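Colleague: I have a structure here, written as structure tokens, and I will follow up with some questions on it.
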Amino acid sequence: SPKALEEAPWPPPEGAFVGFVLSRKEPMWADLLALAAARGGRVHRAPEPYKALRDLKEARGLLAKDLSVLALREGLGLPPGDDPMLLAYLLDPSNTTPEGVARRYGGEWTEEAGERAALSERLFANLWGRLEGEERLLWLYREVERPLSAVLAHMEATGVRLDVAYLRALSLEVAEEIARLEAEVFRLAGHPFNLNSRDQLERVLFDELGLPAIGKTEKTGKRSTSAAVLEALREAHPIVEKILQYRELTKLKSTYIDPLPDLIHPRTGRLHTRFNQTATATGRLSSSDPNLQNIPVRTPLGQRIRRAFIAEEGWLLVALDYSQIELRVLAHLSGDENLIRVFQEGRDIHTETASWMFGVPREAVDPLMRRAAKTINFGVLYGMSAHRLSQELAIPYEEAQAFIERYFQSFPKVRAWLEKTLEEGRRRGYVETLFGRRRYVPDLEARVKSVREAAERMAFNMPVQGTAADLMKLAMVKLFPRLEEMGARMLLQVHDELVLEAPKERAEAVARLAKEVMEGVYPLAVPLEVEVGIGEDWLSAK
DNA sequence: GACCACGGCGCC
DNA sequence: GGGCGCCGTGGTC
Ligand SMILES: Nc1ccn([C@H]2CC[C@@H](COP(=O)(O)OP(=O)(O)OP(=O)(O)O)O2)c(=O)n1
Ligand SMILES: [Mg+2]
Ligand SMILES: [Mn+2]
Ligand SMILES: [Mn+2]
Ligand SMILES: [Mn+2]
Ligand SMILES: [Mn+2]
Ligand SMILES: [Mn+2]
Ligand SMILES: [Mn+2]
């Protein structure tokens, strides 16, 4: 039999599938080691990869977005196009890696660019075939995921400005506060130990100081030293508050204050995350290297850190955040008339819960009190126990149970939608979003109750979180070209929030426009309301 | 140096 | 409660 794949000289014809090898996975930081392309039955290998990038009109193939990011870094406008990872991810969002997708759908992810190109081509063919007749998944691919990949490449290449000297100064200040706390912890324990070691702390708290253990850890069943356990022990011994404070500051310093300034890119002078498009079971994006979707916001030090994310000189940040997003989406999905009415009347369920929680009038609820109510409202919605709710609010168990009962009694059709969702997931093997994005949940049939019930909580959540994800993605695709036209920049997505950068002279017009695009994206049974703020830094913009 | 699993915890 | 990614530790190679 004749050979299946022939080598031919660079450059490839238009429409070819690319393969490429990076020195490291992060495209803003990677050296392009090899580039190749495949089409029909030929493979073309680039003599010198960087120069050869200039020969391509489009990056089509596995991880197309990442090659596009690298090209943009080098000042080339090479947009991403088809990518089999996106097809695979829509078929089953457990398809998250090229290694796994290759094995499942047609071969092997190797370390050679030509092989990667040929792999890209055959995977695309095979996965296109698998989507035959999947009209809703195809619509998601063509209208959302494929165009979104080009938006994400542009965002990644743009980056965000960081106040490096501010964070360097903050490190020195927090180091002194950490030393005070750790020293006090050791004074109170009677000796030093590694306070970063939860194993060493466990022995200190429960074996040496004789404090009561409250909870156990999941995989190894050690006595937990989690914040929930420490909070329960706060009045038992003065060491506990000191450990909580030490943990707060060390978490911020080790995760954000110290690492972020070291990640400023030498070419751009900015901070560049990865927006991972095939990483979550629900259709959300993720952000990594560094994660810019978990920048602190709740504590005073945390807020200091958020102040380091700044606009370029002469620009402003614009932050837009969907109000009460998953409660609105749930209203639509469930058709609950009471929940629909809440939003028709302009009510805020987080503010109402905060009022009850803190025992103050709604007018007296401040933003951090309202924020605290989110874990309560979403926790309860998605199945939090009365035991946990009682601990979290320091109320009697019976009062926590009453809250839970009243919450679902208020929105009677939510329970009906839960049962419909679970039956469908049992029968089909998967649950789905409004747009038809699917998540397979085989443990809905598990015979171990704890395993099955966990699966049920995963399954009930997915259509709500995932529909919210679908809406935000669609909004990004519609908004991006509007911003390009106005000389504004899309910088960050944070699940139901976008952070943009706009010249000062155009910032108010950009904010107004972006708000309207987001609110009007895909109308539901309730209004989608967007909160918008403008500022020189991310804290000020919210 | 690197890997991972884990506990833990930051955000949505 | 659900969804993530990164930290340091500990064990390991
Ligand atoms: N503890 C949380 C916080 C958030 N989310 C999910 C549901 C809401 C969504 C977006 O987060 P927020 O913007 O913080 O929530 P919101 O209800 O949209 O609040 P806001 O009106 O302040 O934007 O992420 C969740 O499941 N659990
Ligand atoms: Mg938000
Ligand atoms: Mn590799
Ligand atoms: Mn400024
Ligand atoms: Mn929101
Ligand atoms: Mn459906
Ligand atoms: Mn741009
Ligand atoms: Mn984990």
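A note on labels: chains of the structure tokens are A, B, ... as shown, every chain counts residues from 1, and ligands are counted from 1 in their shown order.
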Around ligand 3, out to 12 Å and counting only C-alpha atoms (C1' of nucleotides) and all ligand atoms, which residues are there? I want them as a compact mmCIF listing (two decimals) with C-alpha atoms, in the first residue's frame.
Modeller:
# COMPACT_ATOMS: atom_id res chain seq x y z
CA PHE A 20 3.65 23.32 16.49
CA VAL A 21 6.00 22.66 19.39
CA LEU A 22 6.54 25.17 22.23
CA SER A 23 9.32 25.18 24.81
CA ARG A 24 6.70 25.69 27.48
CA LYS A 25 2.91 25.71 27.53
CA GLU A 26 2.35 29.43 28.11
CA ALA A 30 7.21 30.15 24.90
CA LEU A 33 10.64 25.25 18.54
CA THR A 97 -6.25 18.03 26.91
CA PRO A 98 -4.76 17.34 23.53
CA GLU A 99 -3.28 14.11 24.86
CA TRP A 109 -0.18 13.62 20.69
CA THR A 110 3.58 13.34 20.03
CA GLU A 111 6.49 15.76 20.33
CA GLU A 112 6.87 16.52 16.65
CA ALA A 113 5.21 19.41 14.79
CA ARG A 116 0.85 17.31 15.41
Colleague: I need the residues in stretch 52-253 of chain A that are alpha helix (DSSP H) according to DSSP; give them as a ChimeraX atom specification.
Modeller: /A:52-53,64-73,84-91,98-105,113-130,135-140,146-158,164-189,198-202,227-232,239-252
Colleague: As a quick test: using only C-alpha atoms (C1' of nucleotides) and all ligand atoms, which residues lie no more than 10 Å away from ligand 2? Give them as a PDB file with N, CA, C and O atoms (P, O5', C5', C4', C3', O3' and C1' of nucleotides), in the first residue's frame.
Modeller:
ATOM      1  N   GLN A 293      -8.563  35.326  37.603  1.00  0.00           N
ATOM      2  CA  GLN A 293      -9.958  35.241  37.982  1.00  0.00           C
ATOM      3  C   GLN A 293     -10.171  35.033  39.481  1.00  0.00           C
ATOM      4  O   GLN A 293     -11.310  34.908  39.931  1.00  0.00           O
ATOM      5  N   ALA A 319     -15.334  48.177  34.397  1.00  0.00           N
ATOM      6  CA  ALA A 319     -15.745  46.862  34.906  1.00  0.00           C
ATOM      7  C   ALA A 319     -17.237  46.690  34.805  1.00  0.00           C
ATOM      8  O   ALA A 319     -18.008  47.526  35.306  1.00  0.00           O
ATOM      9  N   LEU A 320     -17.664  45.582  34.179  1.00  0.00           N
ATOM     10  CA  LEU A 320     -19.073  45.340  33.973  1.00  0.00           C
ATOM     11  C   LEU A 320     -19.389  43.976  34.535  1.00  0.00           C
ATOM     12  O   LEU A 320     -18.690  43.040  34.178  1.00  0.00           O
ATOM     13  N   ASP A 321     -20.432  43.872  35.338  1.00  0.00           N
ATOM     14  CA  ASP A 321     -20.723  42.608  36.064  1.00  0.00           C
ATOM     15  C   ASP A 321     -22.236  42.353  36.055  1.00  0.00           C
ATOM     16  O   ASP A 321     -23.021  43.194  36.517  1.00  0.00           O
ATOM     17  N   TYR A 322     -22.641  41.211  35.541  1.00  0.00           N
ATOM     18  CA  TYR A 322     -24.037  40.824  35.487  1.00  0.00           C
ATOM     19  C   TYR A 322     -24.601  40.729  36.905  1.00  0.00           C
ATOM     20  O   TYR A 322     -24.044  40.028  37.739  1.00  0.00           O
ATOM     21  N   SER A 323     -25.686  41.436  37.189  1.00  0.00           N
ATOM     22  CA  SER A 323     -26.334  41.395  38.493  1.00  0.00           C
ATOM     23  C   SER A 323     -27.036  40.050  38.742  1.00  0.00           C
ATOM     24  O   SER A 323     -27.831  39.586  37.900  1.00  0.00           O
ATOM     25  N   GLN A 324     -26.789  39.454  39.911  1.00  0.00           N
ATOM     26  CA  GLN A 324     -27.499  38.297  40.407  1.00  0.00           C
ATOM     27  C   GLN A 324     -27.635  37.218  39.332  1.00  0.00           C
ATOM     28  O   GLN A 324     -28.712  36.658  39.133  1.00  0.00           O
ATOM     29  N   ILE A 325     -26.561  37.000  38.591  1.00  0.00           N
ATOM     30  CA  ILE A 325     -26.673  36.341  37.286  1.00  0.00           C
ATOM     31  C   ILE A 325     -27.339  34.959  37.356  1.00  0.00           C
ATOM     32  O   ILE A 325     -28.274  34.699  36.583  1.00  0.00           O
ATOM     33  N   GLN A 493     -11.937  38.441  31.426  1.00  0.00           N
ATOM     34  CA  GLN A 493     -13.242  37.913  31.756  1.00  0.00           C
ATOM     35  C   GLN A 493     -13.137  37.258  33.116  1.00  0.00           C
ATOM     36  O   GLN A 493     -12.155  36.533  33.389  1.00  0.00           O
ATOM     37  N   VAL A 494     -14.082  37.552  33.983  1.00  0.00           N
ATOM     38  CA  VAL A 494     -14.148  36.903  35.321  1.00  0.00           C
ATOM     39  C   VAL A 494     -15.545  36.305  35.565  1.00  0.00           C
ATOM     40  O   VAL A 494     -16.279  36.686  36.495  1.00  0.00           O
ATOM     41  N   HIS A 495     -15.846  35.348  34.696  1.00  0.00           N
ATOM     42  CA  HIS A 495     -17.076  34.524  34.728  1.00  0.00           C
ATOM     43  C   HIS A 495     -18.358  35.244  34.334  1.00  0.00           C
ATOM     44  O   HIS A 495     -18.980  34.875  33.347  1.00  0.00           O
ATOM     45  N   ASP A 496     -18.745  36.286  35.067  1.00  0.00           N
ATOM     46  CA  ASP A 496     -19.883  37.112  34.666  1.00  0.00           C
ATOM     47  C   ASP A 496     -19.527  38.586  34.633  1.00  0.00           C
ATOM     48  O   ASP A 496     -20.402  39.464  34.697  1.00  0.00           O
ATOM     49  N   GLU A 497     -18.207  38.853  34.537  1.00  0.00           N
ATOM     50  CA  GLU A 497     -17.642  40.184  34.573  1.00  0.00           C
ATOM     51  C   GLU A 497     -16.649  40.325  33.432  1.00  0.00           C
ATOM     52  O   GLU A 497     -15.923  39.369  33.088  1.00  0.00           O
ATOM     53  N   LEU A 498     -16.646  41.500  32.806  1.00  0.00           N
ATOM     54  CA  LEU A 498     -15.574  41.890  31.865  1.00  0.00           C
ATOM     55  C   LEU A 498     -14.889  43.139  32.394  1.00  0.00           C
ATOM     56  O   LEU A 498     -15.557  44.007  32.991  1.00  0.00           O
ATOM     57  N   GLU A 531     -24.141  45.843  36.116  1.00  0.00           N
ATOM     58  CA  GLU A 531     -23.547  46.942  36.879  1.00  0.00           C
ATOM     59  C   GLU A 531     -22.242  47.374  36.222  1.00  0.00           C
ATOM     60  O   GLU A 531     -21.416  46.543  35.849  1.00  0.00           O
ATOM     61  N   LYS A 542     -15.184  49.096  40.552  1.00  0.00           N
ATOM     62  CA  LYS A 542     -16.357  48.321  41.022  1.00  0.00           C
ATOM     63  C   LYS A 542     -17.034  48.985  42.201  1.00  0.00           C
ATOM     64  O   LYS A 542     -18.032  48.500  42.737  1.00  0.00           O
TER      65      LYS A 542
ATOM     66  P    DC B  11     -11.374  36.542  47.952  1.00  0.00           P
ATOM     67  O5'  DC B  11     -11.960  36.218  46.503  1.00  0.00           O
ATOM     68  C5'  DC B  11     -11.396  36.903  45.364  1.00  0.00           C
ATOM     69  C4'  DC B  11     -11.826  36.264  44.065  1.00  0.00           C
ATOM     70  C3'  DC B  11     -13.314  36.217  43.760  1.00  0.00           C
ATOM     71  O3'  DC B  11     -13.818  37.484  43.285  1.00  0.00           O
ATOM     72  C1'  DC B  11     -12.338  34.132  43.268  1.00  0.00           C
ATOM     73  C1'  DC B  12     -16.852  33.477  40.484  1.00  0.00           C
ATOM     74  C3'  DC B  12     -17.742  35.656  40.240  1.00  0.00           C
ATOM     75  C4'  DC B  12     -16.236  35.661  40.038  1.00  0.00           C
ATOM     76  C5'  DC B  12     -15.596  36.835  40.788  1.00  0.00           C
ATOM     77  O5'  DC B  12     -15.957  36.697  42.168  1.00  0.00           O
ATOM     78  P    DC B  12     -15.383  37.785  43.237  1.00  0.00           P
TER      79       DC B  12
END
Colleague: Once you count only C-alpha atoms (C1' of nucleotides) and all ligand atoms, which residues end up within 7 Å of ligand 7, and could you hand them over as a PyMOL selection string?
Modeller: chain A and resi 154+158+484+488-489
Colleague: Can you pull out every residue within 10 Å of residue B:8, counting only C-alpha atoms (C1' of nucleotides), but drop anything in the same chain fewer than 5 positions away, and send it as a list in words?
Modeller: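 Counting only the stated atoms, we get residues 198, 224, 225, 226, 227, 247 and 251 of chain A; 7 and 8 of chain C.
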Colleague: Hey, which residues come within 12 Å of ligand 4 if we count only C-alpha atoms (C1' of nucleotides) and all ligand atoms? Could you give them as a list in words?
Modeller: residues 161, 162, 163, 307, 308, 309, 310, 311, 312, 313, 314, 315, 316, 317, 501, 502, 503, 504, 535, 536, 537, 538 and 540 of chain A
Colleague: Excluding same-chain residues fewer than 5 positions from residue C:1, what lies within 7 Å of it counting only C-alpha atoms (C1' of nucleotides), as a PDB file with N, CA and C atoms, in the first residue's frame?
Modeller:
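Output contents, as saved in around.pdb:
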ATOM      1  N   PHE A 378     -26.386  31.183  47.136  1.00  0.00           N
ATOM      2  CA  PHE A 378     -25.966  30.148  46.186  1.00  0.00           C
ATOM      3  C   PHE A 378     -25.665  28.813  46.875  1.00  0.00           C
ATOM      4  N   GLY A 379     -25.113  28.875  48.071  1.00  0.00           N
ATOM      5  CA  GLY A 379     -24.907  27.685  48.881  1.00  0.00           C
ATOM      6  C   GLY A 379     -26.231  26.942  49.101  1.00  0.00           C
ATOM      7  N   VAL A 380     -27.239  27.662  49.595  1.00  0.00           N
ATOM      8  CA  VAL A 380     -28.554  27.083  49.824  1.00  0.00           C
ATOM      9  C   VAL A 380     -29.160  26.556  48.538  1.00  0.00           C
ATOM     10  N   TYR A 382     -27.772  25.474  45.880  1.00  0.00           N
ATOM     11  CA  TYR A 382     -27.081  24.343  45.300  1.00  0.00           C
ATOM     12  C   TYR A 382     -26.851  23.205  46.307  1.00  0.00           C
ATOM     13  N   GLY A 383     -27.509  23.303  47.461  1.00  0.00           N
ATOM     14  CA  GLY A 383     -27.671  22.132  48.355  1.00  0.00           C
ATOM     15  C   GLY A 383     -26.914  22.141  49.675  1.00  0.00           C
ATOM     16  N   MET A 384     -26.486  23.300  50.151  1.00  0.00           N
ATOM     17  CA  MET A 384     -25.820  23.389  51.454  1.00  0.00           C
ATOM     18  C   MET A 384     -26.668  22.765  52.560  1.00  0.00           C
TER      19      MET A 384
END
Colleague: Would you list the residues that come within 12 Å of ligand 6? Count only C-alpha atoms (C1' of nucleotides) and all ligand atoms and give the answer as a list in words.
Modeller: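 The distance check yields residues 136, 333, 334, 417, 420, 421, 422, 423, 424, 425, 428, 430, 431, 432, 433, 434, 435, 436, 437, 438, 439, 463, 464 and 467 of chain A.
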Colleague: For those residues, write N, CA and C atoms to a file as a PDB file, in the first residue's frame.
Modeller:
ATOM      1  N   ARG A 136     -27.275  21.923  17.743  1.00  0.00           N
ATOM      2  CA  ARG A 136     -27.102  22.913  18.804  1.00  0.00           C
ATOM      3  C   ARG A 136     -25.614  23.031  19.193  1.00  0.00           C
ATOM      4  N   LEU A 333     -34.804  29.368  33.411  1.00  0.00           N
ATOM      5  CA  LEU A 333     -34.781  27.932  33.191  1.00  0.00           C
ATOM      6  C   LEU A 333     -35.967  27.234  33.832  1.00  0.00           C
ATOM      7  N   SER A 334     -36.254  27.621  35.059  1.00  0.00           N
ATOM      8  CA  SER A 334     -37.316  27.004  35.848  1.00  0.00           C
ATOM      9  C   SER A 334     -38.712  27.512  35.494  1.00  0.00           C
ATOM     10  N   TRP A 417     -38.016  21.962  38.544  1.00  0.00           N
ATOM     11  CA  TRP A 417     -36.952  22.017  37.560  1.00  0.00           C
ATOM     12  C   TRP A 417     -35.755  21.118  37.964  1.00  0.00           C
ATOM     13  N   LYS A 420     -36.857  17.507  37.097  1.00  0.00           N
ATOM     14  CA  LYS A 420     -36.786  17.347  35.652  1.00  0.00           C
ATOM     15  C   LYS A 420     -35.343  17.187  35.195  1.00  0.00           C
ATOM     16  N   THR A 421     -34.472  18.041  35.722  1.00  0.00           N
ATOM     17  CA  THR A 421     -33.075  18.014  35.332  1.00  0.00           C
ATOM     18  C   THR A 421     -32.424  16.691  35.694  1.00  0.00           C
ATOM     19  N   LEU A 422     -32.678  16.219  36.895  1.00  0.00           N
ATOM     20  CA  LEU A 422     -32.083  14.936  37.325  1.00  0.00           C
ATOM     21  C   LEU A 422     -32.608  13.738  36.515  1.00  0.00           C
ATOM     22  N   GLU A 423     -33.902  13.727  36.190  1.00  0.00           N
ATOM     23  CA  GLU A 423     -34.469  12.620  35.408  1.00  0.00           C
ATOM     24  C   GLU A 423     -33.875  12.566  34.022  1.00  0.00           C
ATOM     25  N   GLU A 424     -33.745  13.732  33.383  1.00  0.00           N
ATOM     26  CA  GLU A 424     -33.122  13.844  32.096  1.00  0.00           C
ATOM     27  C   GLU A 424     -31.662  13.394  32.127  1.00  0.00           C
ATOM     28  N   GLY A 425     -30.916  13.809  33.149  1.00  0.00           N
ATOM     29  CA  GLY A 425     -29.546  13.387  33.285  1.00  0.00           C
ATOM     30  C   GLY A 425     -29.435  11.876  33.501  1.00  0.00           C
ATOM     31  N   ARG A 428     -30.586  10.334  29.784  1.00  0.00           N
ATOM     32  CA  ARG A 428     -29.678  10.594  28.682  1.00  0.00           C
ATOM     33  C   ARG A 428     -28.214  10.355  29.018  1.00  0.00           C
ATOM     34  N   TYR A 430     -26.567  12.804  30.560  1.00  0.00           N
ATOM     35  CA  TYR A 430     -26.013  14.162  30.540  1.00  0.00           C
ATOM     36  C   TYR A 430     -27.110  15.175  30.838  1.00  0.00           C
ATOM     37  N   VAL A 431     -26.701  16.293  31.437  1.00  0.00           N
ATOM     38  CA  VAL A 431     -27.525  17.453  31.598  1.00  0.00           C
ATOM     39  C   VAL A 431     -27.038  18.537  30.630  1.00  0.00           C
ATOM     40  N   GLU A 432     -27.840  19.569  30.432  1.00  0.00           N
ATOM     41  CA  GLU A 432     -27.510  20.568  29.426  1.00  0.00           C
ATOM     42  C   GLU A 432     -27.940  21.992  29.782  1.00  0.00           C
ATOM     43  N   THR A 433     -27.239  22.942  29.159  1.00  0.00           N
ATOM     44  CA  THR A 433     -27.569  24.349  29.276  1.00  0.00           C
ATOM     45  C   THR A 433     -28.701  24.722  28.325  1.00  0.00           C
ATOM     46  N   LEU A 434     -29.129  25.968  28.436  1.00  0.00           N
ATOM     47  CA  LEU A 434     -30.164  26.522  27.557  1.00  0.00           C
ATOM     48  C   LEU A 434     -29.807  26.361  26.096  1.00  0.00           C
ATOM     49  N   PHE A 435     -28.511  26.486  25.788  1.00  0.00           N
ATOM     50  CA  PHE A 435     -28.029  26.386  24.429  1.00  0.00           C
ATOM     51  C   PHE A 435     -27.664  25.000  24.004  1.00  0.00           C
ATOM     52  N   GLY A 436     -27.822  24.015  24.884  1.00  0.00           N
ATOM     53  CA  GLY A 436     -27.527  22.629  24.527  1.00  0.00           C
ATOM     54  C   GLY A 436     -26.120  22.144  24.850  1.00  0.00           C
ATOM     55  N   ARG A 437     -25.331  22.949  25.584  1.00  0.00           N
ATOM     56  CA  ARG A 437     -24.015  22.492  26.016  1.00  0.00           C
ATOM     57  C   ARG A 437     -24.261  21.400  27.032  1.00  0.00           C
ATOM     58  N   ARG A 438     -23.543  20.288  26.913  1.00  0.00           N
ATOM     59  CA  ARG A 438     -23.787  19.116  27.744  1.00  0.00           C
ATOM     60  C   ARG A 438     -22.657  18.734  28.695  1.00  0.00           C
ATOM     61  N   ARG A 439     -23.039  18.142  29.817  1.00  0.00           N
ATOM     62  CA  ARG A 439     -22.111  17.572  30.782  1.00  0.00           C
ATOM     63  C   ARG A 439     -22.614  16.177  31.142  1.00  0.00           C
ATOM     64  N   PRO A 463     -26.551  23.244  34.443  1.00  0.00           N
ATOM     65  CA  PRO A 463     -27.275  24.038  33.464  1.00  0.00           C
ATOM     66  C   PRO A 463     -27.359  25.521  33.828  1.00  0.00           C
ATOM     67  N   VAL A 464     -27.304  25.836  35.123  1.00  0.00           N
ATOM     68  CA  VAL A 464     -27.392  27.223  35.571  1.00  0.00           C
ATOM     69  C   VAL A 464     -26.049  27.930  35.350  1.00  0.00           C
ATOM     70  N   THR A 467     -25.331  27.877  31.523  1.00  0.00           N
ATOM     71  CA  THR A 467     -26.096  28.872  30.729  1.00  0.00           C
ATOM     72  C   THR A 467     -25.509  30.265  30.964  1.00  0.00           C
TER      73      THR A 467
END
Colleague: Produce as a list in words the set of residues near ligand 8, where near means within 9 Å with only C-alpha atoms (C1' of nucleotides) and all ligand atoms considered.
Modeller: residues 5, 6, 7 and 8 of chain B
Colleague: Which residues, written as a PyMOL selection string, have at least one atom at most 12 Å from residue C:12, with only C-alpha atoms (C1' of nucleotides) counted and residues fewer than 6 positions away on the same chain left out?
Modeller: chain B and resi 2-5
